[PDB]
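Below is one structure; the comments refer to it alone.
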Amino acid sequence: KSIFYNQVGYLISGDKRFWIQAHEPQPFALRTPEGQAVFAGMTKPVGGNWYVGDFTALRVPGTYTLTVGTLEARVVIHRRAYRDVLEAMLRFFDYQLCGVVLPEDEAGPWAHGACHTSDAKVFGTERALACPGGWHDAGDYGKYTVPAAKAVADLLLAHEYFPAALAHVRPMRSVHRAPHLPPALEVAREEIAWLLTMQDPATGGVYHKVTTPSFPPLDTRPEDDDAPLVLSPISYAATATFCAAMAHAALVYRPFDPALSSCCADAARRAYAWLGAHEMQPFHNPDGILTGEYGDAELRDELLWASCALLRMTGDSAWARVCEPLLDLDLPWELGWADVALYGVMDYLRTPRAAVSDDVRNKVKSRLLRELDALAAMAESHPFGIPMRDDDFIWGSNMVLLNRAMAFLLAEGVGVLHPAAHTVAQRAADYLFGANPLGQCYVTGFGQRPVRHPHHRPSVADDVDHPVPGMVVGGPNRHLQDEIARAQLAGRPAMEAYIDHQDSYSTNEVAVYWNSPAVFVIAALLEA
Ligand SMILES: [Ca+2]
Ligand SMILES: [Ca+2]
Ligand SMILES: [Zn+2]
């Protein structure tokens, strides 16, 4: 028996919900710490085990004691409830920084020295080049181009959608170059910078990843990882995904860093030149390389995104000839890392409408709305109001949820205003912060049941008891895709297929592209 709620808190002007397992309505009260009832209501069935208590009408800020039946809970209402968790979600990218000293005054207990500072050998050859900076991808120390592109795209979109909300947030500012950019762009730049080093000059092609041949033990501190670095071969996926991220960066950084902006635009055009002279061949790990593959068989949604990004970057109507036939395809319109068509949809919809066929544009917006309707229909049959169903609870189910909430919010910028856009965004935050069958807050160092044991090298390696805060875990994975999950979570419903265990990498790992949609969604909720 337990009350299920958003354990970070609620916005004064936001919807306020709690969940309980019950088979009957039942009264509830919210109280000041001294015990005085301030709000009273009745619970409502959402089926089957689940009942819901709505306390949206309570607009007074403060800490409240929520009581229903014989259960009690600590509830926080604040005009800016999600500020701290937002900062921490953004600061995570700075905690992931490679090849740069993280001082104790910024990083606290999780401070460390500049790691992976050696040059990397181009696979097969005897050449070696520096690819320093950027982010450790996930629980490991690999730096992969494809998932990196999603991470930067999300942070750039977050800045240009919700700059005011991100302004209240502070990164590891002293680690970064001065003058200091807005928090989202400041963080994203390190990664845009690492990444420009990943492009082969005299080809324009981009190396798929820079990793050690295999994973170090879960014990390895960032700077005890002294295995040689290798650059896996140039891939179509990495090149096209690089092209779209750089063309995106070229636009956004224009008023902040003209030199970076111009450098990214030229890098994007060179990458697209490579795509036109090469074959859409899926990446596979070369022999001897055992790290994260980030493979993918479909590369048309990558070409789509790369084409639409250059369409918006240039405003040149000539790009629409390439983009629009690709937008017709029955590709899933998703937000990566493998299926990136929706990013292309967004750059095309945000392109000035004069440089674009208005007939195709209406079809694209019509398909987007119909989808949003499909996601809305899922949300209204789910007890927790999230656009999910059992089969969606796969590896990184939290990202699946966050991307879908992001899709509702992105669409508001292109004239597609779905009525459920903001309740879904709130329900997504609630679920992520504890409103789920496990009562589990899926972010490290937050809520009343925080993630304690993430599959995260620096968190496992250190003698620090608490993990790096602000890390969003993958979430419930029905496919039980690691030994711990198999032995422990067999036969439980999809939403309970999670264990806070450090060896459960398929349910409890972190990722740079799992934090990036979280930053977008939380920044959306903060900006009213
Ligand atoms: Ca793809
Ligand atoms: Ca620790
Ligand atoms: Zn490193």
Side-chain angles (χ1 to χ4, degrees), residues 91-103 106-107 110-123 125-149 151-152 155 171-178 180-181 185-203 205-216 220-235 238-239 241-242 245-246 249 253 257 259-260 263-264 266-267 271 289 291-292 294 457-458 461 511-513:
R91 275 172 58 91
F92 165 70
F93 298 91
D94 287 349
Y95 273 112
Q96 293 293 101
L97 278 168
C98 179
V100 62
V101 57
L102 301 171
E106 283 303 326
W110 313 271
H112 71 68
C115 56
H116 306 90
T117 44
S118 311
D119 291 345
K121 304 283 179 182
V122 176
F123 180 83
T125 74
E126 213 61 47
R127 290 196 288 103
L129 60 102
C131 306
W135 304 321
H136 298 132
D137 180 71
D140 66 336
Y141 300 129
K143 302 192 282 188
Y144 317 79
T145 306
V146 178
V152 47
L155 290 179
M172 284 187 192
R173 276 209 256 261
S174 66
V175 183
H176 306 284
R177 193 212 319 187
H180 299 290
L181 273 35
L185 307 180
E186 165 147 298
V187 167
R189 184 160 69 173
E190 301 296 336
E191 180 86 333
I192 290 157
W194 153 63
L195 215 18
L196 286 159
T197 77
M198 294 287 287
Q199 192 183 22
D200 180 29
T203 302
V206 187
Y207 297 101
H208 191 84
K209 55 173 176 176
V210 52
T211 64
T212 55
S214 60
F215 297 113
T220 327
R221 306 190 83 96
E223 67 279 1
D224 293 339
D225 194 20
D226 298 323
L229 296 164
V230 11
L231 285 149
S232 291
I234 298 159
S235 74
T239 311
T241 212
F242 164 95
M246 293 304 99
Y253 282 89
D257 198 341
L260 177 75
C263 186
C264 289
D266 295 344
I289 311 302
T291 48
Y294 288 100
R457 298 284 196 282
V512 143
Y513 54 94

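When reading the values below, keep in mind they use all heavy atoms of this one structure, side chains included, and skip hydrogens, waters and symmetry mates. The first residue in the sequence is number 1, and the count goes up from there.
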Any chance you could measure [X], atom [atom1], to [Y], atom [atom2], to the nearest 0.5 Å?
{"X": "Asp140", "Y": "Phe215", "atom1": "CG", "atom2": "CZ", "result": "5.0 Å"}
{"X": "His136", "Y": "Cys98", "atom1": "NE2", "atom2": "SG", "result": "3.5 Å"}
{"X": "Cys264", "Y": "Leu196", "atom1": "SG", "atom2": "CG", "result": "4.5 Å"}
{"X": "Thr145", "Y": "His208", "atom1": "OG1", "atom2": "NE2", "result": "7.0 Å"}
{"X": "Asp257", "Y": "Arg189", "atom1": "CG", "atom2": "CZ", "result": "5.0 Å"}
{"X": "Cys115", "Y": "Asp225", "atom1": "SG", "atom2": "CG", "result": "8.0 Å"}

Salt bridge (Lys or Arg N to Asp or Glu O under 4.0 Å) between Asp224 and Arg457, intermediate numbers included: CA-CA 11 Å; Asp224 293 339; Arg457 298 284 196 282; over 6 Å; no
Taking [X] for the side chain and [Y] for the main chain, is one N or O donor matched with an acceptor at less than 3.5 Å?
{"X": "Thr239", "Y": "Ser235", "value": "yes"}
{"X": "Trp135", "Y": "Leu97", "value": "no"}
{"X": "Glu190", "Y": "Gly134", "value": "no"}
{"X": "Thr197", "Y": "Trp194", "value": "yes"}
{"X": "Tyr253", "Y": "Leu185", "value": "yes"}
{"X": "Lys121", "Y": "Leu231", "value": "no"}
{"X": "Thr203", "Y": "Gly205", "value": "no"}
{"X": "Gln96", "Y": "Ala138", "value": "yes"}

I need the minimum non-hydrogen distance between [X] and [Y], along with the two atoms involved.
{"X": "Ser232", "Y": "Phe123", "value": "CA-CB, 4.3 Å"}
{"X": "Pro171", "Y": "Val187", "value": "CB-CG2, 3.7 Å"}
{"X": "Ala114", "Y": "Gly99", "value": "CB-C, 3.6 Å"}
{"X": "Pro222", "Y": "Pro458", "value": "CG-CG, 4.1 Å"}
{"X": "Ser118", "Y": "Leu229", "value": "O-CD1, 3.6 Å"}
{"X": "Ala267", "Y": "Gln199", "value": "O-NE2, 3.1 Å"}

Test side chain to side chain contact (heavy atoms under 4.5 Å, CB included) applied to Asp137 and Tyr294, step by step: CA-CA 11 Å; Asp137 180 71; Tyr294 288 100; 2.6 Å; yes
Taking the side chain as every heavy atom from C-beta outward, state whether [X] and [Y] have any atom pair closer than 4.5 Å.
{"X": "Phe93", "Y": "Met172", "value": "no"}
{"X": "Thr117", "Y": "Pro132", "value": "no"}
{"X": "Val206", "Y": "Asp200", "value": "no"}
{"X": "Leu102", "Y": "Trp110", "value": "no"}
{"X": "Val175", "Y": "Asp94", "value": "no"}

Worked verdict on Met246 versus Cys263 for side chain to side chain contact (heavy atoms under 4.5 Å, CB included): CA-CA 9 Å; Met246 293 304 99; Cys263 186; over 6 Å; no
Any donor-acceptor N or O pair under 3.5 Å, side chains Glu186, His176: no
Exercise: do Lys143 and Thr211 side chains pair donor with acceptor under 3.5 Å: no
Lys/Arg N to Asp/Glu carboxylate O, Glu106 vs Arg91, below 4.0 Å: yes
Residues which pass side chain to side chain contact (heavy atoms under 4.5 Å, CB included) with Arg127, listed by chain and number, not counting sequence neighbours: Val122, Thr125, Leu129, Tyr207
Ring center gap for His116 and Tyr141 short of 6.0 angstrom: yes
